[PDB]
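One structure below.
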Amino acid sequence: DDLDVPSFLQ
Amino acid sequence: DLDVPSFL
Amino acid sequence: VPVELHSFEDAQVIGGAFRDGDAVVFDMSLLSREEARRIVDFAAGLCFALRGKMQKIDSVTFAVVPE
Amino acid sequence: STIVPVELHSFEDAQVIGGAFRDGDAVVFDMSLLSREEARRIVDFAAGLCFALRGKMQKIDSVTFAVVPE
Ligand SMILES: [Mg+2]
């Protein structure tokens, strides 16, 4: 639950 | 073994 | 679309609805940490390819939005 | 167009695969510098790219794959 949207998808 | 996922 | 994920094979449900032009909200509470990482990477791939939006709702909930 | 080759160093390097692929180019990527789990991540991301655009994905060897546009 420490996961997020990869930064380069911004 | 790293393969193509079945649903492809 | 509120997909409850049981394994990585359920990526196909997210993929199928998303490429059909529908927003998908998926739950990863049943998945292991390794499986959730796989789902997020697959979903990131789906989004990148179609220039869609991906957002984390809460710790085990993400959304993939078309166009 | 001709196949774009990629030597991957990290998961952020998937952006090269994604960028060239969504532009309609076939991409051949090498994962020999990637760890076991990083390669797993790349393959899942590439599978996502492929599925969204109805492209073809193929294993060349254990560290080499290709993503081909529809
Ligand atoms: Mg590296």
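A quick note on method: Cβ atoms are made from the backbone with ideal geometry, for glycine too, and the neighbour counts reach across all protein chains shown. The numbers here are math on the coordinates, done by the rules we state, and not lab data.
Out of the residues in region D:9-23 that are buried (at least 17 other Cβ atoms within 10 Å of the Cβ) and over 9 Å from the mean Cα position of the chain (by Cα), state the one that is farthest from the other protein chains (Cβ to nearest Cβ).
For region D:9-23, the residue satisfying everything is D:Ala20.
Taking the conditions exactly as written (under 13 Å from A:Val5 (Cβ atoms) and among the aliphatic types (A, V, I, L, M)), does C:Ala49 satisfy them or not?
no
Answer with yes or no whether D:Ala39 is part of a helix (DSSP H, G or I) and within 16 Å of A:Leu9 (Cα to Cα).
no
For the condition part of a strand (DSSP E or B) and touching a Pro at 6+ places or on another chain (Cβ under 7 Å), what is the one hit in D:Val6, D:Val28, D:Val67?
D:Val28
Surrounded by 14 or more Cβ atoms within 10 Å (Cβ to Cβ) and either away from the ligand (no atom under 14 Å from the Cβ) or within 17 Å of C:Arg51 (Cβ to Cβ) (or both), is that true of D:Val6?
When the stated conditions are applied, D:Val6 does not pass them.
For region D:24-32, does any single residue satisfy the condition of being more than 16 Å from the ligand (Cβ to nearest atom), at the interface with another protein chain (Cβ under 8 Å from one of its Cβ atoms) and surrounded by 16 or more Cβ atoms within 10 Å (Cβ to Cβ)?
Among the residues of region D:24-32, not one is more than 16 Å from the ligand (Cβ to nearest atom), at the interface with another protein chain (Cβ under 8 Å from one of its Cβ atoms) and surrounded by 16 or more Cβ atoms within 10 Å (Cβ to Cβ), which makes the answer no.
Residue pairs, Cβ under 7 Å, 6 or more apart or interchain, first in region D:17-42 and more than 19 Å from D:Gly55 (Cα to Cα), second assigned to a helix (DSSP H, G or I) and within 12 Å of the ligand (Cβ to nearest atom). List them.
D:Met31/D:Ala39; D:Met31/D:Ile42; D:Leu34/D:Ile42; D:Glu38/D:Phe11
Can you name the residue in region C:36-53 that is closer than 16 Å to D:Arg22 by Cβ and more than 7 Å from chain D (Cβ to nearest Cβ) and is also surrounded by the fewest Cβ atoms within 10 Å (Cβ to Cβ) among such residues?
Looking at residues that are closer than 16 Å to D:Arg22 by Cβ and more than 7 Å from chain D (Cβ to nearest Cβ), I get C:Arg51.
Inside region D:42-59, can you point out the residues that are of a type in the set (A, V, I, L, M, F, W, C) and either assigned to a helix (DSSP H, G or I) or within 16 Å of the ligand (Cβ to nearest atom) (or both)?
D:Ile42, D:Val43, D:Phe45, D:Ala46, D:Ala47, D:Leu49, D:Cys50, D:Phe51, D:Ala52, D:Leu53
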